[PDB]
Every structure is written in structure tokens, then in C-alpha cells.
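These notes are about the structure you will find just below.
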Protein chains: 4
Amino acid sequence: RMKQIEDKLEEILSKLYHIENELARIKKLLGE
Amino acid sequence: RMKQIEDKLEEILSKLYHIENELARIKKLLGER
Amino acid sequence: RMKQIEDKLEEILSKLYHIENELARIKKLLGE
Amino acid sequence: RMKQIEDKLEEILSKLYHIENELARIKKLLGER
């Protein structure tokens, strides 16, 4: 059951990368 | 405990989609203003 | 080794709650 | 795989502290402006 966990974790990370890109766009809209 | 883990996984995944959608609304609000 | 994982997961969640509070403060500073 | 899991846990935990700190800088920037 490691693999079903690792799978979700990968998916979790990928959300965090997508969040980082939302915050890159936002920081630029903000003048930083 | 695996069920518990798996709940916790999902609960994290939901707060992530919620986070992403509150960011995406902030982003739209700054892009149109 | 479930418990060492569940532990980190709890900790992960707690970060996400803290992020939500950062975004509550920010949304109000933004007029929403 | 547990080592892999444990790496992945930590990698998520780092992007979380990084996320939190970029939010905290945005928050300061809007509170002082």
C-alpha cells in the first residue's frame, strides 16, 4: 500500500507546483 | 490506519483545491483591476 | 511505518490551515 | 519506497514553508501599502 500513498503524494506535490505558479502570476501583478 | 491515511490524503487534497481556487480568484481580481 | 506517515500528514494539513489563514488576511486586505 | 515516501513528504513540506513565506511577504506588502 506504499504505491497508492506515493501516488497521492505525487499528486499532492503537483498541486503545490500549480499553487506556486498562481503565486508567480500574482507576485508580478503585485509589482514584485 | 491506512483508511485514516487515505482520509488524510484526501483531506489535504481538498484543502489544496480550495487553496488553488482562492488564489485563482485573487489573481482574476488583480488582473481586471 | 503508517504512524510516521500519518504524523507528517497531520503536519502537512496544519500548514494548509496556516496557509488558509494567510489567504483570509490577504483577501480582506484586498477588499473581498 | 518508504525512503521515497519520506522524501516526498519532505519535499511537500518544503514547498509548504516556501508557499507560506511567499504569502507572508504578499501580506506584508499589502498591509503597508
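Backbone-built Cβ (ideal geometry, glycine too); neighbour counts: all protein chains shown. Bear in mind these aren't lab numbers, they're just calculated from the coordinates by the rules spelled out.
Quick one: give the max-minus-min coordinate of the C-alpha atoms of the protein assembly as shown along each principal axis, largest first, in Å.
48, 20, 20
Through the Karplus equation 6.51 cos²θ - 1.76 cosθ + 1.60, θ set to phi - 60°, convert the phi angles of segment D:19-33 into ³J(HN,Hα) values in whole Hz; use x for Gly and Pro.
Taking θ as phi minus 60°, the curve returns 4, 4, 6, 6, 4, 6, 5, 6, 5, 5, 4, 6, x, 10, 10 Hz for segment D:19-33.
Other chains near B:2-8: what is the mean number of their Cβ atoms within 10 Å of each residue's Cβ?
5
Would you list, by chain and number, the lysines whose Cα falls below 21 Å from the Cα of A:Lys3, excluding same-chain residues fewer than 8 positions away?
Result set, ordered by chain and number: A:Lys15, B:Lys3, B:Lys8, C:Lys3, C:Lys8, D:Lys3, D:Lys8.
May I ask you to list the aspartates and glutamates whose Cα is less than 17 Å away from that of A:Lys27, ignoring any residue fewer than eight positions away on the same chain?
Result set, ordered by chain and number: B:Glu20, B:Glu22, B:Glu32, C:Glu22, D:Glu20, D:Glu22, D:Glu32.
Counting only other chains, what is the mean number of Cβ atoms within 10 angstrom of the Cβ of each residue in peptide A:20-32?
Average neighbour count from other chains, rounded to a whole number: 5.
How far apart, in nanometres, would the label points at D:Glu10 and A:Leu13 be if each is projected 7 angstrom from Cα along the Cα-to-Cβ direction?
Going by the 7 Å Cα→Cβ label model, 1.3 nm.
If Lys and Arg each add +1 and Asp and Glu each add -1, what is the summed charge of the other residues whose beta carbon sits under 14 Å from the beta carbon of C:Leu23?
After counting each charged neighbour, the total is +1.
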